[PDB]
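The block underneath contains the structure these notes are about, expressed in structure tokens.
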2 protein chains.
Amino acid sequence: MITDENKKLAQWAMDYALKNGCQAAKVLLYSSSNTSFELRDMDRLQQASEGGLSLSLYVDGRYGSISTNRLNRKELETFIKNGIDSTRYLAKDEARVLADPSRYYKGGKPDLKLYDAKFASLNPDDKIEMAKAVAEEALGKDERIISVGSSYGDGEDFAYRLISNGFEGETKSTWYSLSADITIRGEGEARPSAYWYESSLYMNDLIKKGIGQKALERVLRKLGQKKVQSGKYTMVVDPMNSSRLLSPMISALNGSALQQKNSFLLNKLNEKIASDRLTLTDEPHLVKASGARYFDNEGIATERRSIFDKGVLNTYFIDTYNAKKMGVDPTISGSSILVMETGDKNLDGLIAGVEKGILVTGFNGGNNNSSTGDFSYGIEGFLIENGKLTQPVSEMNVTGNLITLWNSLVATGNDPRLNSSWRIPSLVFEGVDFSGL
Amino acid sequence: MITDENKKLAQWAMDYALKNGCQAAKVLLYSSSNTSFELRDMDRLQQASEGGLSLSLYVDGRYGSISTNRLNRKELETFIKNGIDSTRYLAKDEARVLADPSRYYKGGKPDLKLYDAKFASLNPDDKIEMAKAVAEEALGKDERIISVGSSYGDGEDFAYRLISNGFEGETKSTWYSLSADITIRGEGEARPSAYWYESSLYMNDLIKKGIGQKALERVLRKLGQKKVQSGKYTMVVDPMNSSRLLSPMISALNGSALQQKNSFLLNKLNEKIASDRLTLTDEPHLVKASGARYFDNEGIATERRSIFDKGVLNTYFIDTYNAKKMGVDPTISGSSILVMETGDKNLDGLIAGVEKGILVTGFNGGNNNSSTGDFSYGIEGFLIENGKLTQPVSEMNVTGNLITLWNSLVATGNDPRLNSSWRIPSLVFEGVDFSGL
């Protein structure tokens, strides 16, 4: 836990900053610990335990950031005072202000249950056995195999936050993960690889079986990949990859991008820009859910929000600073858990309905223009012909503009990855451009 | 400094590990501090102060790594014991052994003088003024300019090392840096950018002037860049970029690459593989030189070595572990300061002697095959015609094999960047393939 002594140290640091030149300050005291086991066919163990103090210093109109893990009060006094005096040499930034405290999380909402109480009691030997079991699912199962890697990771994270205009907050969470990565002999010198992983906030809930199996199945499906004719296709995207196309839309909603006139979604608020099938909410208060939180790092209370309602954009993610610069109302600094509205088919069911398409199982390089939304990404996957996967595909690019892409979404699956903070199912888009290279 | 109390804490941790299950251990106690000022035309300050303890644990034939910055002895006892017990669950690795202590640095060599004693006394206001002066060299000097960024960075680093078979060592150093980055209006939507930076171990020695000027000159030279006809050209490379082509050769000398049969230099030791003009030494003992050190992280004493002598490869960089696996003698885990033999012309002088060539002023993506040495890299720069720079060049690739490339080195400059651990001058190669894309 974060102890009473830890809290007193954070409170002492706040007070010291305020008494020695800050009109305002924010203090974070954080700690974490982690274990990593990595296996390849060279067993490796790394463990870490870390704790520190970060302060945001508001000094005569200036704004500075300092952070240390050297926590004796004598050295902290020097470090903080030096930070204050250094910050004052900056040019002032009058937009760096604390949030209105009426906006802060005010406590008392239900336990989000993001911390597995079993964490400290777990036996490292069971952890490394899980990673061994992953690998054993693939090891020796196919001649073409060159290497089978597997991994176990876990961690715990604690944070205690103080803001000088009357915020105090704390969080704690755990995570666990298992993964496989497999490389095989392709044609010629090709050595294709694939992976799978599972994660959870609770050891008891982590899926431990099928991971090596799934990675093997995925890498074997990469055999025979070839280009297909350029032109329009229906694009199907799996849940492992559906979040990828959404990501640049979410970046465009950031207050700093908007403020810096580097967002293709600038001036689109409350406009009907995308498909009726795109409904997306931010759900920060889901219990036992990766991403859940009652406040952001500025102390602002999180709220459920409509991001898209049947294609209408309803939210930007604007923190206090960018709100002040732009002369608009702040919202929250960023999303917490993105939830796309689901349909009534899974990936297989969606594929079965496509006459001429490409299923995208992975993205290979490319980018989007942040101000225009034009995009070009490398893809691999499968051709879809009369509802069936046929030719394995690679060396193609998908191109277009993100807004019209998201305007051409015709279906969503019932198969989001719930252990992600991005709960985005399979997706189907019509009339998408694919070209060779 | 690292204090007597700090040293006692490291010694206590060593003893605790050895008494509670380790046959052998390594302990590092490290600390650092840093300042960053960033300016863009949004003044930013970051400061950090960090200290921690890392241990390598040799437990019943197994080998584990742990690291923490949480240094109360009660929590360290638990952390170390848990690390030991966790490590034991690994598969044993009998090649993880301590070095023969006859190979360790034995002290007493001259002060390398890598720490500027003025560091703690410096005034942050002078630091941020330097960054302001950098930017002022470019600001308002040209209409096409979109943004002028500049930065100041510094740091200090301390390390105290203990190895249970009789090594104790310590190091301390400082660094300072200044940089500029400038973006301009190109043709159409092109927004080309360029940078310059200077660094030194001593504030007094850091070059503070000309940085914004040089960045501006560099970005303006990017205007009008175009492809040129594909074919063979003489390739000239500047000191800002000459190290780039050498880097994959040095990677190929690593013991782990050799051990994993992923090195195109495997089986080339003491062979005449490259140009008479390629002479390269490792010079770990240069005073006041970035990179200098008397030991590596395994405690092994550094030595001057011939890497290439007139094209003959003379060294691999093999640590204790890879030496044991391969059944060969260890050398040192990696290079410290690479010094290429210099010629008697600077870059301008080298360009003046080239009838048909391309000067490479930057690399844009690409890679080399680690096992074969085949390469393809994106380049930009200038066409060289009868000793004069003419057409600005981009959208070309340079391709070939690294061994034959380094066999075609015809000259080296007198202009290495001495503030780098890579002291590599300008370079001239004959008969190099360039192609469009």
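Labels used: A, B, ... for chains in the order of the structure tokens, numbers from 1 for residues in each chain, and numbers from 1 for ligands as shown.
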
Handout entry: chain B contacts on chain A, only C-alpha atoms, 10 Å, as a VMD selection string
Key = chain A and resid 31 33 to 39 42 to 52 54 56 62 to 71 75 to 76 79 to 80 82 to 83 85 to 93 123 to 129

Export of the given selection (C-alpha atoms) as a CSV table (one decimal), in the first residue's frame:
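Written output follows (out.csv):
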chain,number,residue,atom,x,y,z
A,31,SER,CA,5.4,3.3,-6.5
A,33,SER,CA,6.8,-3.3,-8.6
A,34,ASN,CA,7.1,-5.9,-11.4
A,35,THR,CA,8.2,-9.3,-12.4
A,36,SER,CA,9.3,-10.4,-15.9
A,37,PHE,CA,10.1,-14.0,-17.0
A,38,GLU,CA,11.2,-14.5,-20.6
A,39,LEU,CA,11.8,-17.9,-22.2
A,42,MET,CA,17.8,-18.8,-22.1
A,43,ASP,CA,15.5,-18.3,-19.1
A,44,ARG,CA,15.5,-14.7,-18.0
A,45,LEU,CA,14.2,-13.0,-14.9
A,46,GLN,CA,13.9,-9.3,-14.2
A,47,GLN,CA,12.3,-7.8,-11.1
A,48,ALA,CA,12.0,-4.2,-10.1
A,49,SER,CA,10.6,-2.1,-7.3
A,50,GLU,CA,10.4,1.7,-7.7
A,51,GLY,CA,9.0,4.7,-5.9
A,52,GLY,CA,9.3,8.4,-6.4
A,54,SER,CA,7.1,14.3,-9.0
A,56,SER,CA,4.5,20.5,-10.9
A,62,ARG,CA,6.1,30.1,-14.6
A,63,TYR,CA,5.5,26.3,-14.7
A,64,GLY,CA,8.2,23.6,-14.1
A,65,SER,CA,8.4,19.9,-13.6
A,66,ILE,CA,10.7,18.0,-11.3
A,67,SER,CA,11.0,14.4,-10.3
A,68,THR,CA,13.1,12.4,-7.9
A,69,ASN,CA,13.4,9.1,-6.2
A,70,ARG,CA,15.9,10.4,-3.6
A,71,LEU,CA,13.6,11.0,-0.7
A,75,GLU,CA,18.2,16.3,-0.2
A,76,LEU,CA,14.5,16.9,-1.1
A,79,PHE,CA,16.0,19.6,-4.9
A,80,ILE,CA,12.6,21.3,-4.6
A,82,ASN,CA,16.4,24.4,-6.8
A,83,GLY,CA,13.4,23.4,-9.0
A,85,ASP,CA,14.3,28.9,-8.5
A,86,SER,CA,15.1,27.3,-11.9
A,87,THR,CA,11.4,27.4,-12.9
A,88,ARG,CA,11.3,31.1,-12.2
A,89,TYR,CA,13.8,31.8,-14.9
A,90,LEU,CA,11.4,30.5,-17.6
A,91,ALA,CA,9.1,32.9,-19.4
A,92,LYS,CA,5.8,33.1,-17.7
A,93,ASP,CA,2.9,31.1,-19.0
A,123,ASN,CA,4.5,-17.8,-6.0
A,124,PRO,CA,7.0,-16.9,-8.7
A,125,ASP,CA,7.3,-20.6,-9.5
A,126,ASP,CA,3.7,-20.7,-10.7
A,127,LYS,CA,4.4,-17.6,-12.8
A,128,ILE,CA,7.3,-19.1,-14.7
A,129,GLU,CA,5.4,-22.4,-15.1

Need the shell around residue 345 (chain A): protein/DNA/RNA residues with any atom at most 12 Å away, counting only C-alpha atoms. Skip same-chain ones fewer than 6 positions apart. Format as an mmCIF file with N, CA and C atoms, in the first residue's frame?
data_model
loop_
_atom_site.group_PDB
_atom_site.id
_atom_site.type_symbol
_atom_site.label_atom_id
_atom_site.label_comp_id
_atom_site.auth_asym_id
_atom_site.auth_seq_id
_atom_site.Cartn_x
_atom_site.Cartn_y
_atom_site.Cartn_z
ATOM 1 N N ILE A 351 -17.182 -12.138 -41.816
ATOM 2 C CA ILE A 351 -16.467 -12.577 -43.012
ATOM 3 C C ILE A 351 -17.428 -13.312 -43.947
ATOM 4 N N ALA A 352 -18.248 -14.156 -43.345
ATOM 5 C CA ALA A 352 -19.185 -14.992 -44.101
ATOM 6 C C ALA A 352 -20.130 -14.157 -44.974
ATOM 7 N N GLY A 353 -20.357 -12.902 -44.586
ATOM 8 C CA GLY A 353 -21.254 -12.010 -45.332
ATOM 9 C C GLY A 353 -20.617 -11.148 -46.406
ATOM 10 N N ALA A 411 -20.606 -2.334 -40.414
ATOM 11 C CA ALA A 411 -20.931 -3.252 -39.326
ATOM 12 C C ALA A 411 -19.865 -3.267 -38.273
ATOM 13 N N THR A 412 -20.285 -3.614 -37.042
ATOM 14 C CA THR A 412 -19.347 -3.906 -35.973
ATOM 15 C C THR A 412 -19.686 -5.271 -35.372
ATOM 16 N N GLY A 413 -18.664 -5.922 -34.868
ATOM 17 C CA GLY A 413 -18.814 -7.285 -34.294
ATOM 18 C C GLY A 413 -19.279 -7.231 -32.862
ATOM 19 N N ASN A 414 -19.441 -8.420 -32.298
ATOM 20 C CA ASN A 414 -19.737 -8.618 -30.893
ATOM 21 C C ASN A 414 -18.523 -9.121 -30.089
ATOM 22 N N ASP A 415 -17.326 -8.857 -30.594
ATOM 23 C CA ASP A 415 -16.131 -9.497 -30.140
ATOM 24 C C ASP A 415 -14.965 -8.549 -29.717
ATOM 25 N N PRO A 416 -15.263 -7.506 -28.928
ATOM 26 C CA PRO A 416 -14.228 -6.618 -28.433
ATOM 27 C C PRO A 416 -13.290 -7.380 -27.503
ATOM 28 N N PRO A 425 -14.685 -3.975 -31.268
ATOM 29 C CA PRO A 425 -14.897 -5.273 -31.905
ATOM 30 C C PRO A 425 -14.296 -5.291 -33.321
ATOM 31 N N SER A 426 -14.509 -6.397 -34.021
ATOM 32 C CA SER A 426 -14.254 -6.491 -35.439
ATOM 33 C C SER A 426 -15.057 -5.411 -36.168
ATOM 34 N N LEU A 427 -14.542 -4.995 -37.318
ATOM 35 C CA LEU A 427 -15.136 -3.923 -38.089
ATOM 36 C C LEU A 427 -15.210 -4.247 -39.587
ATOM 37 N N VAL A 428 -16.249 -3.743 -40.247
ATOM 38 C CA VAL A 428 -16.397 -3.909 -41.661
ATOM 39 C C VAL A 428 -16.642 -2.550 -42.302
#

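Take the candidates B:57, B:98, B:338, B:405 and check each one against residue 166 (chain B) using only C-alpha atoms; the shortest distance goes to B:98.
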
Practice task
Considering only C-alpha atoms, return as an MDAnalysis selection string whatever protein or nucleic-acid residues lie within 10 Å of residue 133 (chain B), sequence-local ones (same chain, fewer than 2 positions apart) excluded.
Solution key: chainID B and resid 128:131 135:139 150 208:212

Store the residues of this selection in a file with C-alpha atoms, as a compact mmCIF listing (two decimals), in the first residue's frame.
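Written file, part_25.txt:
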# COMPACT_ATOMS: atom_id res chain seq x y z
CA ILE B 128 18.42 28.76 -20.27
CA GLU B 129 20.08 31.90 -21.70
CA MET B 130 22.32 29.69 -23.85
CA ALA B 131 19.25 27.99 -25.31
CA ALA B 135 17.26 30.26 -31.16
CA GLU B 136 17.99 33.95 -31.61
CA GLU B 137 20.54 33.03 -34.30
CA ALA B 138 17.72 31.83 -36.57
CA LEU B 139 14.60 33.61 -35.36
CA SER B 150 16.23 24.97 -29.18
CA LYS B 208 27.54 27.64 -27.54
CA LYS B 209 27.56 29.75 -30.71
CA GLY B 210 26.67 28.95 -34.28
CA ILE B 211 24.20 26.20 -33.52
CA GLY B 212 21.02 27.98 -34.64

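Reported to one decimal place, the separation of CA of residue 266 (chain A) from CA of residue 237 (chain A) is 26.8 Å.
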
Practice task
Could you give me, as a VMD selection string, each residue of region 187-258 of chain B that DSSP assigns to helix (DSSP H, G or I) when run on this structure's backbone?
Solution key: chain B and resid 203 to 205 211 to 220 242 to 252 255 to 258

Would you save the residues from that selection as an mmCIF file, in the first residue's frame, using N, CA, C and O atoms?
data_model
loop_
_atom_site.group_PDB
_atom_site.id
_atom_site.type_symbol
_atom_site.label_atom_id
_atom_site.label_comp_id
_atom_site.auth_asym_id
_atom_site.auth_seq_id
_atom_site.Cartn_x
_atom_site.Cartn_y
_atom_site.Cartn_z
ATOM 1 N N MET B 203 31.310 22.433 -19.188
ATOM 2 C CA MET B 203 30.511 23.631 -19.581
ATOM 3 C C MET B 203 31.400 24.615 -20.275
ATOM 4 O O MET B 203 31.033 25.213 -21.311
ATOM 5 N N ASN B 204 32.610 24.774 -19.731
ATOM 6 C CA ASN B 204 33.550 25.730 -20.290
ATOM 7 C C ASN B 204 33.946 25.410 -21.734
ATOM 8 O O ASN B 204 34.204 26.318 -22.512
ATOM 9 N N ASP B 205 33.991 24.134 -22.088
ATOM 10 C CA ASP B 205 34.357 23.680 -23.402
ATOM 11 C C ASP B 205 33.210 23.558 -24.393
ATOM 12 O O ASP B 205 33.433 23.411 -25.595
ATOM 13 N N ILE B 211 25.035 27.386 -33.449
ATOM 14 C CA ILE B 211 24.195 26.200 -33.524
ATOM 15 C C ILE B 211 22.902 26.486 -34.278
ATOM 16 O O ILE B 211 22.492 25.677 -35.129
ATOM 17 N N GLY B 212 22.254 27.607 -33.964
ATOM 18 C CA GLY B 212 21.017 27.985 -34.641
ATOM 19 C C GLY B 212 21.325 28.351 -36.078
ATOM 20 O O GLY B 212 20.636 27.946 -37.014
ATOM 21 N N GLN B 213 22.430 29.061 -36.249
ATOM 22 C CA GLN B 213 22.906 29.379 -37.574
ATOM 23 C C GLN B 213 23.093 28.135 -38.446
ATOM 24 O O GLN B 213 22.549 28.064 -39.551
ATOM 25 N N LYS B 214 23.847 27.159 -37.953
ATOM 26 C CA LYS B 214 24.078 25.914 -38.680
ATOM 27 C C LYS B 214 22.811 25.147 -39.002
ATOM 28 O O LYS B 214 22.664 24.637 -40.115
ATOM 29 N N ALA B 215 21.865 25.089 -38.063
ATOM 30 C CA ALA B 215 20.595 24.401 -38.347
ATOM 31 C C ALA B 215 19.838 25.093 -39.466
ATOM 32 O O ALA B 215 19.207 24.432 -40.289
ATOM 33 N N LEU B 216 19.868 26.427 -39.457
ATOM 34 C CA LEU B 216 19.158 27.171 -40.489
ATOM 35 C C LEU B 216 19.782 26.899 -41.859
ATOM 36 O O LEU B 216 19.081 26.656 -42.850
ATOM 37 N N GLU B 217 21.103 26.965 -41.912
ATOM 38 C CA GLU B 217 21.846 26.684 -43.153
ATOM 39 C C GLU B 217 21.532 25.273 -43.675
ATOM 40 O O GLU B 217 21.287 25.097 -44.854
ATOM 41 N N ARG B 218 21.483 24.299 -42.790
ATOM 42 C CA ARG B 218 21.168 22.910 -43.134
ATOM 43 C C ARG B 218 19.755 22.690 -43.651
ATOM 44 O O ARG B 218 19.527 21.883 -44.567
ATOM 45 N N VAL B 219 18.785 23.367 -43.064
ATOM 46 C CA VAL B 219 17.426 23.134 -43.518
ATOM 47 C C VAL B 219 17.174 23.826 -44.861
ATOM 48 O O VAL B 219 16.417 23.304 -45.664
ATOM 49 N N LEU B 220 17.801 24.981 -45.093
ATOM 50 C CA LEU B 220 17.642 25.693 -46.355
ATOM 51 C C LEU B 220 18.264 24.911 -47.522
ATOM 52 O O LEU B 220 17.818 25.030 -48.646
ATOM 53 N N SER B 242 28.947 9.732 -40.920
ATOM 54 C CA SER B 242 29.919 8.704 -41.246
ATOM 55 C C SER B 242 29.846 7.518 -40.283
ATOM 56 O O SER B 242 30.110 6.377 -40.635
ATOM 57 N N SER B 243 29.496 7.809 -39.045
ATOM 58 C CA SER B 243 29.382 6.766 -38.027
ATOM 59 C C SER B 243 28.248 5.786 -38.339
ATOM 60 O O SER B 243 28.334 4.590 -37.970
ATOM 61 N N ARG B 244 27.206 6.273 -38.978
ATOM 62 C CA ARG B 244 26.036 5.464 -39.366
ATOM 63 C C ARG B 244 26.389 4.213 -40.184
ATOM 64 O O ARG B 244 25.908 3.118 -39.887
ATOM 65 N N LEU B 245 27.227 4.364 -41.212
ATOM 66 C CA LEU B 245 27.641 3.206 -42.006
ATOM 67 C C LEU B 245 28.591 2.241 -41.268
ATOM 68 O O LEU B 245 28.695 1.059 -41.650
ATOM 69 N N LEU B 246 29.293 2.730 -40.237
ATOM 70 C CA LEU B 246 30.200 1.933 -39.471
ATOM 71 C C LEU B 246 29.481 1.115 -38.421
ATOM 72 O O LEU B 246 29.871 -0.013 -38.087
ATOM 73 N N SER B 247 28.405 1.695 -37.922
ATOM 74 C CA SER B 247 27.634 1.089 -36.826
ATOM 75 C C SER B 247 27.280 -0.401 -37.038
ATOM 76 O O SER B 247 27.549 -1.194 -36.167
ATOM 77 N N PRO B 248 26.720 -0.800 -38.179
ATOM 78 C CA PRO B 248 26.413 -2.213 -38.375
ATOM 79 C C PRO B 248 27.607 -3.125 -38.426
ATOM 80 O O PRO B 248 27.489 -4.312 -38.112
ATOM 81 N N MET B 249 28.776 -2.588 -38.782
ATOM 82 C CA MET B 249 29.992 -3.392 -38.743
ATOM 83 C C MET B 249 30.332 -3.664 -37.289
ATOM 84 O O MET B 249 30.721 -4.773 -36.913
ATOM 85 N N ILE B 250 30.183 -2.647 -36.454
ATOM 86 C CA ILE B 250 30.526 -2.815 -35.042
ATOM 87 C C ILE B 250 29.533 -3.759 -34.353
ATOM 88 O O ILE B 250 29.931 -4.576 -33.551
ATOM 89 N N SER B 251 28.266 -3.690 -34.726
ATOM 90 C CA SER B 251 27.263 -4.620 -34.172
ATOM 91 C C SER B 251 27.619 -6.065 -34.479
ATOM 92 O O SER B 251 27.455 -6.954 -33.641
ATOM 93 N N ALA B 252 28.155 -6.300 -35.672
ATOM 94 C CA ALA B 252 28.530 -7.618 -36.124
ATOM 95 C C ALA B 252 29.697 -8.206 -35.354
ATOM 96 O O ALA B 252 29.996 -9.386 -35.435
ATOM 97 N N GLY B 255 29.779 -10.338 -29.389
ATOM 98 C CA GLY B 255 29.876 -11.763 -29.048
ATOM 99 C C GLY B 255 28.512 -12.433 -29.142
ATOM 100 O O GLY B 255 28.423 -13.606 -29.578
ATOM 101 N N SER B 256 27.464 -11.722 -28.775
ATOM 102 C CA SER B 256 26.106 -12.374 -28.775
ATOM 103 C C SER B 256 25.624 -12.602 -30.199
ATOM 104 O O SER B 256 25.054 -13.645 -30.523
ATOM 105 N N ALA B 257 25.899 -11.645 -31.091
ATOM 106 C CA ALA B 257 25.610 -11.840 -32.509
ATOM 107 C C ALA B 257 26.374 -13.002 -33.120
ATOM 108 O O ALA B 257 25.829 -13.781 -33.910
ATOM 109 N N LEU B 258 27.649 -13.133 -32.747
ATOM 110 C CA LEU B 258 28.501 -14.193 -33.245
ATOM 111 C C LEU B 258 27.983 -15.538 -32.722
ATOM 112 O O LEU B 258 27.893 -16.511 -33.469
#

Exercise for the section: Run DSSP on the backbone and grab whatever in region 192-327 of chain B lands in strand (DSSP E or B); send it over as an MDAnalysis selection string. Expected result: chainID B and resid 193:200 226 231:237 254 272 280:282 295 300:301 305:309 312:313 317

File of the preceding selection, C-alpha atoms, as a PDB file, in the first residue's frame:
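File written: part-v4.pdb
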ATOM      1  CA  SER B 193      13.458  20.357 -41.003  1.00  0.00           C
ATOM      2  CA  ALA B 194      17.046  20.161 -39.805  1.00  0.00           C
ATOM      3  CA  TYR B 195      19.061  20.307 -36.627  1.00  0.00           C
ATOM      4  CA  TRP B 196      22.433  20.900 -35.120  1.00  0.00           C
ATOM      5  CA  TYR B 197      23.873  20.207 -31.692  1.00  0.00           C
ATOM      6  CA  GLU B 198      27.024  20.514 -29.701  1.00  0.00           C
ATOM      7  CA  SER B 199      28.082  18.625 -26.563  1.00  0.00           C
ATOM      8  CA  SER B 200      30.933  18.428 -24.072  1.00  0.00           C
ATOM      9  CA  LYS B 226      15.105  15.777 -56.278  1.00  0.00           C
ATOM     10  CA  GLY B 231      23.814   4.091 -61.099  1.00  0.00           C
ATOM     11  CA  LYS B 232      27.299   4.076 -59.581  1.00  0.00           C
ATOM     12  CA  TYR B 233      28.598   7.206 -57.881  1.00  0.00           C
ATOM     13  CA  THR B 234      31.443   8.146 -55.597  1.00  0.00           C
ATOM     14  CA  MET B 235      29.826   8.483 -52.152  1.00  0.00           C
ATOM     15  CA  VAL B 236      31.016  11.195 -49.769  1.00  0.00           C
ATOM     16  CA  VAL B 237      29.667  11.111 -46.175  1.00  0.00           C
ATOM     17  CA  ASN B 254      29.379  -8.409 -30.763  1.00  0.00           C
ATOM     18  CA  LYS B 272      41.793  -8.916 -45.036  1.00  0.00           C
ATOM     19  CA  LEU B 280      40.096   1.747 -36.561  1.00  0.00           C
ATOM     20  CA  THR B 281      41.131   1.447 -32.922  1.00  0.00           C
ATOM     21  CA  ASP B 282      39.325   1.309 -29.608  1.00  0.00           C
ATOM     22  CA  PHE B 295      36.478  -1.141 -17.026  1.00  0.00           C
ATOM     23  CA  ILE B 300      37.055  -6.276 -17.054  1.00  0.00           C
ATOM     24  CA  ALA B 301      39.969  -3.891 -17.597  1.00  0.00           C
ATOM     25  CA  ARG B 305      42.817  -2.587 -29.357  1.00  0.00           C
ATOM     26  CA  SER B 306      43.187  -2.659 -33.092  1.00  0.00           C
ATOM     27  CA  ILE B 307      39.738  -3.279 -34.590  1.00  0.00           C
ATOM     28  CA  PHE B 308      40.852  -2.857 -38.197  1.00  0.00           C
ATOM     29  CA  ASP B 309      44.474  -2.464 -39.303  1.00  0.00           C
ATOM     30  CA  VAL B 312      42.339  -6.545 -41.539  1.00  0.00           C
ATOM     31  CA  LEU B 313      39.798  -7.277 -38.813  1.00  0.00           C
ATOM     32  CA  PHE B 317      33.859  -7.798 -28.571  1.00  0.00           C
TER      33      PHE B 317
END

Practice task
Could you tell me how far CA of residue 25 (chain B) lies from CA of residue 3 (chain B), in Å and to one decimal?
Solution key: 21.6 Å

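With distances restricted to only C-alpha atoms, A:293 is the closest residue to residue 105 (chain A) from A:26, A:227, A:293, A:191.
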